[PDB]
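Here are two versions of the same chain, shown separately as structure tokens and labelled structure 1 and structure 2.
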Structure 1
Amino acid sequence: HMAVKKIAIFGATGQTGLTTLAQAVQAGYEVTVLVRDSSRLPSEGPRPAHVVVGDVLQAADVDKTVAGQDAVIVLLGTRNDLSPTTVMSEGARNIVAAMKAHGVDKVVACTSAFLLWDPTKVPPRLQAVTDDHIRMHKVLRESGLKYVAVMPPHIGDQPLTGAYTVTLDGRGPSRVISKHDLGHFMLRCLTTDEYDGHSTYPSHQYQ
């Protein structure tokens, strides 16, 4: 028996999402993904249990993805596009509404460690994306759901270790986390309540 077994992953086709999905399938989760029509999961990769094709900006599609889950992981982003956007915050608004309507409480959602910085220290090139992370975090904090705010520093390509530091409610001692370790942490947050209502900063020294 698995207490948390059915999960929705938003952003499963992305850099962190692909390894989070692979790790979740290996760990025995029954994974539902929401994918945009033109960007499905790769053919040879791990297969989720359920695929909804649609858009996080459509409440109906988010409702179809959240229905019947035990928990939600959010790895939405805009790839290498740094333009002004609201896809993460509006997506989170739809996810919150769906979770409430469907009785799902646990949401583990990735924004960024810039939400623990002096705002004057965010690089201007990243300020438009960070502004939407700030909007998204406010939506999730005000929802009343069991929300783990994951606020990573630079996401790298180093290995899965499971040995990273998790700093609560502040910046940690390294400035990198591998995408594989970030995905491992998102899944770890499904199985404990200790991070609920906190900000978390995962980081590691790869050596």
Structure 2
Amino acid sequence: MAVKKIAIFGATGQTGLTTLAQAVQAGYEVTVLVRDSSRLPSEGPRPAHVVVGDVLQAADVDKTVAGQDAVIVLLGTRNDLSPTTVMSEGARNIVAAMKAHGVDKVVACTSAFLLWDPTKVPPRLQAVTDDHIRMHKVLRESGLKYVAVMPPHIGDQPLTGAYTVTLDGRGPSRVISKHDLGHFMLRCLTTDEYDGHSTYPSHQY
């Protein structure tokens, strides 16, 4: 039984937009939860289903997760570095909705800071990193099949599909293109080999 139907959270963000386009082009039936639909593009591949709402609202999340085979999480805070619980509270709602609807696979992006020396996080990113840690804890303790994607700097290099995935935060570089990161999140839908693991995609462009 391959995954066919997925929900993407954070589909309008930098990585979300290209993950969404790639998923639709690849044949998935994609549902997105967006606060503002004007942030979805008109050109290119289009999601099958658009739910307007907020990941902080359980009912909105429930509507989005119902019926899916898997969930991709690309939530983030754009340029806001303030203390925050948006991602972890969103993940709480996602896990509850997954359990309410029988969905058992989640692929979620946090950051390579969760693999690197936890005393080398740049001060201005510490608050966001603390919420990534809370989000990781929520997902790992959910018991669901969870692939933790922990990328380094997200760049705008082209899609290659040729990046390296390690399990410990060491790799050929400290950059992954947004397009390659999205491609990897989709890869995680068709294998179990990363379930229960932390993954570090990187590439020399």
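The term rigid core refers to the most C-alpha atoms you can superpose between the two forms while keeping them within 1.5 Å. By convention here, residues take numbers in order along the sequence of structure 1, the first being 1.
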- Item | Moved residue between structures 1 and 2 - picked from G162, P173, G144, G28, where its Cα shifts 2 angstroms or more relative to the rigid core | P173
- Does the distance between the two CA positions of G54 reach 2 Å or more between structures 1 and 2, the core being superposed? no
- Task: Answer yes if the Cα of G45 shifts by 2 angstroms or more between structures 1 and 2 on a rigid-core superposition, and no otherwise.
- Result: yes
- Shift in angstrom of the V108 C-alpha between structures 1 and 2, rigid core held fixed, comes out at 0.0
